[PDB]
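>
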Amino acid sequence: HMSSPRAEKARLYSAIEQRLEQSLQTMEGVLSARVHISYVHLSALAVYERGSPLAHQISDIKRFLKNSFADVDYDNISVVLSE
């Protein structure tokens, strides 16, 4: 159970998420961020201050997340931005 490949895969994906959230929160305008890795898709929900067009910001986060977690396919990354 707790030390099995399934449970260790979750812990490791959780550790990556927490680094990706810690880093998304370093971006100008991004106040808070939440990253979920579905196993392979990635989901990001960040509260952004619209200092740039939405399309541009989504593109910036998507490129950053790919460069920081190269295991996910670009098209399988999802960014939803809040106020």
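Using the working numbering, the letters of the sequence shown correspond one by one to residues 2 to 84.
Each residue gets a CB set at the ideal place from its N, CA and C atoms; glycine is no exception.
Skipping 5 residues on each side, what residues in its chain have a beta carbon closer than 7 Å to that of residue 11?
Taken in chain order, the list of residues that qualify is empty.
> May I ask you to list the residues that DSSP assigns as paired with residue 46?
BP columns for residue 46 point to 35 and 81.
> What are the start and end residues of the alpha helix (DSSP H) that includes residue 57?
Residues 55 to 69.
> Return helix, strand or coil for residue 22, following the three-state DSSP convention.
Three-state result, residue 22: helix.
> I need the straight-line Cα distance from residue 85 to residue 2, nearest angstrom please.
Within the shown structure, residues of the chain are numbered from 2 to 84, placing residue 85 beyond reach of any answer.
> With a threshold of 16 other CB atoms inside 10 Å of the CB of residue 29, please say whether the residue is buried or exposed.
Classification for residue 29: exposed.
> For residue 76, does the three-state DSSP call read helix, strand or coil?
Correct three-state label for residue 76: helix.
> Spatial neighbours of residue 14 within its chain, please: CB distance less than 8 Å, with the 5 preceding and 5 following residues excluded, ordered by chain position.
These residues qualify, in order along the chain: 38 and 40.
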